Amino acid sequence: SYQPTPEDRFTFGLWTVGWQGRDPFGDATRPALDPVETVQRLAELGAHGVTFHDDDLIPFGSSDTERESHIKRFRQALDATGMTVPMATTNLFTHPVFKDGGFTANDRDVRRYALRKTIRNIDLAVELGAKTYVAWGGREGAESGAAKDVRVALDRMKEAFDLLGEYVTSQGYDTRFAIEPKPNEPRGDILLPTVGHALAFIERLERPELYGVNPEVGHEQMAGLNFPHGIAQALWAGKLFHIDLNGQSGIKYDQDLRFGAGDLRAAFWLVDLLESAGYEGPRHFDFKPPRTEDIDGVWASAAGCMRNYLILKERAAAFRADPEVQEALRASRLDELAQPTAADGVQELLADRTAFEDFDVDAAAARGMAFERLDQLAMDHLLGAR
């Protein structure tokens, strides 16, 4: 049964189990966690690696001697546990200088400072082993319409990601970027609000191949969108470089519940998709243990993230492996969807009378899709009533 292994590739941010509980209406309920303690406890839980924002590891404002003490300590913990660092990112949202954005701040000097802060952390991420560098532009956007010309801000956003592509190319680094979309919060509306908007943006950059997406369950659900559908389009585009797993219960503030909570059936269809498409990147949890919890509650919430992924993996595997489900898929013509519509081109199609002139539209309209039966088989597998 459900014990995490290194092969499950479960990772967690320093900021997830390290969340102190501070929210818009309340102070911290927990003490700050030491990164070294977090690496050790996560290694004991069966996680494979940890990720970080620069300001999680090195206190904003640290002198270069305090910086290397922090880095050194962290790296001894990693080396002692065998924990990996698959991804890293920059905090371009906490400090008041980023109140109007990092890469798309109206003030040019803030945009330059944002880029220098990011490059300093790309060098660190690369020596720690990170292959993905995430960008969450949480402050890029607006609360009012004339505060941001969005066509000019997209020029500044393209310009910042192109300069970053330039830099990693000239250094010969093997890192790839993954843009993390979110529709709103903390800005009234955030630029590149969904997976689709981030995908389309990448196609306009100088080096498209260096950039993919880091979609998060709760973010797409804050726009009422189907997260497994958005992940299937990112996989179809070859751009799912990383993923953030957690839970969200509707269109409201961003909750970051542990994975499995929130929309449980969407979590099931997501694990089924990730596992049958053979996604091989980290299964990263970007969640917040509720501020009602003490530190024992924090590790119970982190353990529940992994446990729920493994139960859903087991149930999805059993659903697809079941002969009855395989027969129900044929009955709903999922095999026929995999056949080309018109492989002999549009002239064969135009000549075929059975495709239009002689098509019996009413016989075809009367065929049932048998979708409810197939979805109740999926419901029975998820609940273990099969």
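When you see a residue number, it is the position in the sequence shown, counting from 1.
A.B. asks: Which is higher in the entry, the mean Cα B factor of 158-166 or that of 216-224?
C.D. replies: Per the PDB record, 158-166.
A.B. asks: Averaging the C-alpha B factors as listed in the entry, name the stretch that ends up higher: 68-76 or 266-274.
C.D. replies: That would be 68-76.
A.B. asks: When the CA B-factors of 42, 350, 325, 338 are compared as recorded in the entry, which is the largest?
C.D. replies: The listed residue with the largest C-alpha B-factor is 350.
A.B. asks: Take the CA temperature factors straight from the PDB entry and tell me which of 128, 251, 119, 237 peaks.
C.D. replies: So the option with the highest C-alpha B-factor is 128.
A.B. asks: Based on the entry's values, in what third of the chain does the Cα temperature factor of residue 19 lie: lowest, middle or highest?
C.D. replies: It belongs to the middle third of the chain when residues are ordered by C-alpha B-factor.
A.B. asks: Once the chain's modelled residues are ordered by C-alpha B factor and cut into thirds, is residue 29 in the lowest, middle or highest one?
C.D. replies: Within its chain, residue 29 is a middle-third residue by C-alpha B-factor, going by the deposited values.
A.B. asks: Rank-wise, by C-alpha B-factor, drop residue 175 into the lowest, middle or highest third of its chain.
C.D. replies: Ranked within chain, residue 175 CA B lands in the highest tercile.
A.B. asks: Going by the CA temperature factor in the PDB record, which third of the chain does residue 366 belong to: lowest, middle or highest?
C.D. replies: Its C-alpha B-factor belongs to the highest third of this chain's values.
A.B. asks: Comparing against every modelled residue in the chain, figure out the third that the C-alpha B-factor of residue 204 lands in (lowest, middle or highest).
C.D. replies: Top third by C-alpha B-factor.
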